[PDB]
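Visitor: Show me how the following folds:
(one chain, ligands or ions: 2)
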Amino acid sequence: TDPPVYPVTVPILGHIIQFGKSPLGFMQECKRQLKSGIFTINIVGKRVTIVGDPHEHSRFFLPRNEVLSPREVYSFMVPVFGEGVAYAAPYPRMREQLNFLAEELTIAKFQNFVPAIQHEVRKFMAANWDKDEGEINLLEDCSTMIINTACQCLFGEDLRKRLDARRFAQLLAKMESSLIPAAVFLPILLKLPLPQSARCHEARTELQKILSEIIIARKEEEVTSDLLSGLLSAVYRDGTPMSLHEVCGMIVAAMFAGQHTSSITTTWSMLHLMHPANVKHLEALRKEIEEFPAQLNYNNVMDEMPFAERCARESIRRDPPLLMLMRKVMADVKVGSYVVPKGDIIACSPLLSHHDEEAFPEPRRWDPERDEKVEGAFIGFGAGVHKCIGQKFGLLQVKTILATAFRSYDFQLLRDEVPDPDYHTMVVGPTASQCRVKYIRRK
Ligand code: HEM
Ligand SMILES: OC(Cn1cncn1)(Cn1cncn1)c1ccc(F)cc1F
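Guide: Residues are numbered from 1 along each chain as shown. Ligands and ions are numbered 1, 2, ... in the order given. Dropping the coordinates below:
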């Protein structure tokens, strides 16, 4: 009942190299070699048990923060979110804060959002996709459109007056680059190394101050909503409002979370769609869009593009951006047979589960018409107590980009096969240097 231990070739490496080079092969091999979807690698000195059996996802996603905890594992973010915020806060508090953010990303806010997205998409397309024909890096361009659209939805004109797409991206970048993700397995890393640290603190204070000012200026003004005003309106179980520290942290949580995943989802989708093999699916998308108007609206994209939602999801399915969900085991928990002992990190990998051949036949084929064959096997937005709260919003942007893009352009790869994924980044997407693409304007 203690899960099998993959043997540790070098006391140094643990497994950090092999895993980093091809995670699926590595984990599938671990499964066959060890005869069990549940097994333990020793990454660099800490045991990491992996729930690689999708019939058992609920063992990972359902227990409370008192058993299966995210605080430790997400400490390495304590400087982007800030010391108070999200998972660094006592459990009930964390949950309140997240709720307020989520209260701000539901279908109820999507009222003015589609126009605001669509406008940016056609604006980007009108400065940068000008010609009959042209080459672009699709991952950059999507990435840009995402950050643009998201601001348009979430900040006011006057928030945008001083902090735009550029400024903000510059700012997240000088924050993201503080991050030591390997510090999950050696928390000792958090302490010592401090070079890109003060560069992160000066960004967050810069942002936090722009904010302070905007609020101040926002209060002479009055003498309608957006993401920021929403969060300052929130009230905790007791008295307290949210402190500036906290609001700021949630605005970063949000912009940090959606920044790459949404881009990557859009880009993958478009990539598959433009591939000769996948003509049917692109016929399928093109039928879906036909009787759509030029200005879209809530109905067009929310209720009328199940096929586009299937494509977005199939992309995340094949090539999930967040490859590993993890938690710190506080109390011994059973997972199938096997007890996972306190102290272990426990993990659940969308990448491994999305290639269970029972759950997803022919897993490496991109097929938006497929459905999961084991229920809950798809964990691309996770599940249970920490299921993604931005999913409805992310796919609002992906779908609108799809719709908008495929209305007016075709696309050729400059490559025989769709790009391989690049497992070298925190958040995995197609290989940047394989995403140069040819766009054509229809007629
Ligand atoms: C394609 C877009 C996205 C993908 C593929 C994605 C993937 C995920 C996954 C796998 C989780 C669960 C994490 C865990 O179990 O530890 C998650 C959670 C979360 N996402 Fe996303 N995510 C996406 C978009 C977003 C966006 C745009 C936002 C912007 C708000 C957002 C905010 C959050 C938050 C706050 C959580 C954790 C909330 C909690 O612990 O209750 N997500 N996402
Ligand atoms: O899950 C993330 C944090 N993370 C895990 N690996 C890399 N970043 C990313 N994420 C979740 N949805 C989209 N991106 C997130 C970002 C913010 C947050 F509040 C919680 C949280 F898990």
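
Visitor: Could you check how far residue 200 is from residue 162?
Guide: 21 Å (C-beta to C-beta, to the nearest Å). In this view, the C-beta of every residue, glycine as well, is placed from N, C-alpha and C.

Visitor: Give me the more crowded residue out of the two.
Guide: residue 200 (17 against 13; other C-beta atoms under 10 Å).

Visitor: Quick check: nearest residue in space to the more buried one, chain neighbours excluded?
Guide: Spatial nearest neighbour of residue 200, excluding adjacent residues (C-beta to C-beta, 6 or more residues apart in numbering): residue 178 at 3.4 Å.

Visitor: Name the residues of the stretch 251-400 of the chain found near ligand 1, please.
Guide: Applying C-beta under 6 Å from any ligand atom, we find that the stretch 251-400 of the chain lies next to ligand 1 at 253-254, 257-258, 261-262, 265, 316, 321-322, 325, 380-382, 386, 388-391, 393-394.

Visitor: Mind checking which of the residues you listed are in strands?
Guide: Within those, residues falling in strands by DSSP state E are residue 325.

Visitor: In helices only, show me the residues of the stretch 251-400 of the chain next to ligand 1.
Guide: Mapping these onto helices (DSSP state H) picks out 253, 254, 257, 258, 261, 262, 265, 316, 391, 393, 394.

Visitor: Out of those, which two sit at the greatest distance?
Guide: Within these, 253 and 316 form the most distant pair, 20.1 Å apart (C-beta to C-beta).

Visitor: Which one of those two is surrounded by more residues?
Guide: Using other C-beta under 10 Å, the more surrounded residue of residue 253 and residue 316 is residue 316, with 26 against 22.

Visitor: Quick check, the more buried one in contact with residue 266.
Guide: No - judged on C-beta atoms under 8 Å, residue 316 makes no contact with residue 266 at a distance of 10.9 Å.

Visitor: In the chain, mark out all the strands, start to finish.
Guide: According to DSSP E, the strands that the chain contains are 38-43, 46-51, 68-69, 133-137, 325-329, 333-334, 339-340, 345-348, 409-412, 421-422, 429-430, 436-441.

Visitor: can I get those strands in a markdown table with mean neighbour count?
Guide: Shown next, in a markdown table, are the strands of the chain (neighbours: other C-beta atoms under 10 Å):
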| stretch | mean neighbour count |
| --- | --- |
| strand 38-43 | 21 |
| strand 46-51 | 22 |
| strand 68-69 | 21 |
| strand 133-137 | 13 |
| strand 325-329 | 22 |
| strand 333-334 | 15 |
| strand 339-340 | 20 |
| strand 345-348 | 24 |
| strand 409-412 | 16 |
| strand 421-422 | 18 |
| strand 429-430 | 22 |
| strand 436-441 | 18 |
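
Visitor: and of these, who's closest to ligand 2?
Guide: strand 325-329 (7.9 Å; C-beta to the nearest ligand atom).

Visitor: Residues of the stretch 51-200 of the chain that sit close to ligand 2?
Guide: Neighbours of ligand 2 within the stretch 51-200 of the chain, by C-beta under 6 Å from any ligand atom: residue 86.

Visitor: Residue in the stretch 51-200 of the chain with the shortest distance to ligand 2?
Guide: Proximity of the stretch 51-200 of the chain to ligand 2 (C-beta to the nearest ligand atom) peaks at residue 86, 4.9 Å away.

Visitor: residues touching that residue, list them.
Guide: Residue 86 makes contact with 74, 77, 94, 97, 98, 249, 250, 253 under the criterion C-beta atoms under 8 Å, 6 or more residues apart in numbering.

Visitor: likewise residue 22?
Guide: residue 423.

Visitor: Is residue 333 bridged to anything, and to what?
Guide: residue 340 (DSSP bridges).

Visitor: Residue 329 too?
Guide: residue 68.

Visitor: and the residue of the stretch 201-350 of the chain found nearest ligand 2, how far is that from residue 135?
Guide: Ranked by C-beta to the nearest ligand atom, the top residue of the stretch 201-350 of the chain for proximity to ligand 2 is residue 257, at 3.4 Å. As judged by C-beta to C-beta, residue 257 and residue 135 stand 31 Å apart.

Visitor: Now residue 230. Nearest residue, chain neighbours left out?
Guide: residue 104 (4.7 Å).

Visitor: Now for that neighbour: which residues touch it?
Guide: By C-beta under 8 Å, 6+ apart, the contact list for residue 104 reads 227, 230, 231, 254.

Visitor: My guess is the first one contacts residue 156. True?
Guide: To tie it back to what came earlier, the one meant is residue 227. No - here residue 227 does not reach residue 156: they are 9.1 Å apart, not a contact under C-beta under 8 Å.

Visitor: quick one: which of the two has more around it?
Guide: Remark: of residue 227 and residue 156, residue 227 carries more neighbours, 22 against 16, as counted by other C-beta under 10 Å.

Visitor: so residue 422 touches residue 429, yeah?
Guide: Yes - under the criterion of C-beta under 8 Å, residue 422 makes contact with residue 429 at 6.6 Å.

Visitor: Do me a favour and get the end-to-end distance for stretch 282-297?
Guide: End-to-end distance for stretch 282-297: 22 Å, by C-alpha to C-alpha, to the nearest Å.

Visitor: oh sorry, the question was meant for stretch 128-136
Guide: End-to-end distance (C-alpha to C-alpha), stretch 128-136: 9 Å.

Visitor: what separates it from the chain centre, distance-wise?
Guide: Counting by C-alpha atoms, centre = their mean, to the nearest Å, stretch 128-136 is centred 28 Å from the centre of its parent chain.

Visitor: Skipping adjacent residues, who's closest to residue 401 in space?
Guide: Spatial nearest neighbour of residue 401, excluding adjacent residues (C-beta to C-beta, 6+ apart): residue 266 at 5.0 Å.

Visitor: give the contact list for that neighbour.
Guide: 142, 145, 146, 312, 397, 398, 401, 402.

Visitor: Among those, give me the pair with the biggest separation.
Guide: Once C-beta to C-beta is applied, the contacts of residue 266 give 145 and 312 as the farthest pair, at 14.6 Å.

Visitor: of all the contacts of residue 104, which comes closest to ligand 1?
Guide: Nearest to ligand 1 among the contacts of residue 104, counting by C-beta to the nearest ligand atom, is residue 254 at 4.4 Å.

Visitor: And the closest one, how close does it get to residue 89?
Guide: 16 Å.

Visitor: so how many other residues sit close to the spatially closest residue to residue 393 that is not a sequence neighbour?
Guide: Nearest residue to residue 393 in three dimensions, chain neighbours excluded: residue 105, at 4.6 Å (C-beta to C-beta, 6+ apart). Number of residues near residue 105 (other C-beta under 10 Å) recorded here: 23.

Visitor: dump the residue contacts of residue 105.
Guide: Contacts of residue 105 (C-beta under 8 Å, 6+ apart): 254, 389, 390, 392, 393.
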